[PDB]
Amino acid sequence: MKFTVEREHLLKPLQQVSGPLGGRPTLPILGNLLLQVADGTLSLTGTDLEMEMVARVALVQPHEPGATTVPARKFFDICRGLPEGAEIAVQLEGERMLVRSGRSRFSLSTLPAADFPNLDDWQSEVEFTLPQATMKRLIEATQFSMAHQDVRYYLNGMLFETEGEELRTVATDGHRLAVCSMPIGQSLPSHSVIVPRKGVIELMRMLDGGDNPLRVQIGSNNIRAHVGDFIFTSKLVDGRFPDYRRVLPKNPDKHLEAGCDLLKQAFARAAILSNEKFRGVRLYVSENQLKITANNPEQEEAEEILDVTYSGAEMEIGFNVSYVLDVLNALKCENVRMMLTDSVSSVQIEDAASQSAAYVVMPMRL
């Protein structure tokens, strides 16, 4: 195995493939990148066993085929530390990989490419393309609502649901929920999968700002995304995800509208004086006005009053303020609508001007 490539054709591919990978991944070969030369292409692969990232770079200079595995971080640091415009010559020599540029020479130890972890071939069942921007939307809008290390492994992930001509994401906690759907201009079978925590991260990470569309393929136990010359594959989470349709409030006929930024700053200042563990705030809704109060064990107290649009009956409702701020932070819009039923029922929050996404939050007893 040999190749010579310009440093700058190596930088992004390298950064993109080291994104997976554990902490001494306890499996040391997981700290290595699999390098493969075949045809006129160098392929770079990283994996953490659950997912795998692959980049292709075209070889215009003379090359010889073969494969090896090298420590990912060190090979990246070498390449990155060389001067702009450096030509990097790489050759596999016995149990070492030799890198030379200019009058700099480096030998890295290798692990055999035969030993590198290989996700099994699988069959795609649903395939679609969509703008990168739309995947970013769908992820941003819901990520913050996934569980973290919940016993219910499937809540630690994000549901991806194809339905009609839309792709939808759904994330929940057991306490708060987010869902977002976006039209994609393709007629799709109905299909639901759960993408793990690390895999949604990696998906997001692949997105770059350019005109490369995202090409997706889903199988029974895998998802794959291809943008440009990178391809990301993840295992799926095997469990049944709750139905968002069952979670959305049934009869939320009391509707409050308010400026997003004023609401979020009023909640953010109150939070300062809410209990650091439980974060409870109390909302008093009355004609055209909202009052937010917070208190803590030290007996400290905040109160915020703002003008809002509200015609229904007066009610008092407690919320974990972090749940509320998370939603208001992800909405990024002029005005917000909160849809309320009673003091004992969940509330729905969305952009006053869009039904793309919906957030549901369980009130707190208090």
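Between two forms, the rigid core is the largest collection of C-alphas that superpose within 1.5 Å. The first residue of the sequence shown is number 1, and the count goes up from there.
S.K.: Using RMS Cα distance over all structures and residues, flag whichever of 237-245 and 251-259 lies farther from this form in 8 other deposited structures of this protein after a core fit.
M.R.: This comes out as 251-259, the stretch further from the shown form in 8 other deposited structures of this protein.
S.K.: Comparing 76-84 with 137-145, which has C-alphas lying farther from the shown form in 8 other deposited structures of this protein once the core is aligned?
M.R.: Looking at 137-145 and 76-84 in 8 other deposited structures of this protein, the bigger mover is 76-84.
S.K.: Does a third or more of the other compared entries skip modelling residue 353?
M.R.: In none of the comparable entries (those modelling both sides of it) is residue 353 left without coordinates.
S.K.: Hey, does residue 23 drop out of the model in a third or more of the other PDB entries compared here?
M.R.: Residue 23: unmodelled in a third or more of the comparison entries.
S.K.: Would you tell me which stretch averages the higher CA B-factor in the PDB entry, 192-200 or 289-297?
M.R.: 289-297 has the higher mean C-alpha B-factor.
S.K.: For the stretches 25-33 and 326-334, which has the higher mean C-alpha B-factor as given in the deposited record?
M.R.: It is 25-33 that shows the higher mean C-alpha B-factor.
S.K.: Going by the deposited entry, which of 100, 235, 277, 176 has the highest CA temperature factor?
M.R.: Going by the entry's C-alpha B-factors, 277 comes out highest.
S.K.: Could you check 41, 45, 68, 61 and tell me which one carries the biggest Cα B-factor in the deposited entry?
M.R.: So the option with the highest C-alpha B-factor is 61.
S.K.: Could you say whether, by C-alpha temperature factor, residue 113 belongs to the lowest, middle or highest third of its chain?
M.R.: Highest third.
S.K.: For residue 349, does the deposited CA B-factor place it in the lowest, middle or highest third of the chain?
M.R.: Lowest third, going by the recorded CA B-factors of the chain.
S.K.: Sorting by Cα B-factor within the chain, modelled residues only, which third would residue 224 end up in: lowest, middle or highest?
M.R.: Ranked within chain, residue 224 CA B lands in the lowest tercile.
S.K.: Which third, lowest, middle or highest, does the C-alpha temperature factor of residue 74 belong to within its own chain?
M.R.: It belongs to the lowest third of the chain when residues are ordered by C-alpha B-factor.
S.K.: Would you check the entry's CA temperature factor for residue 55 and let me know if it's in the chain's lowest, middle or highest third?
M.R.: Lowest third of the chain for residue 55's C-alpha B-factor.
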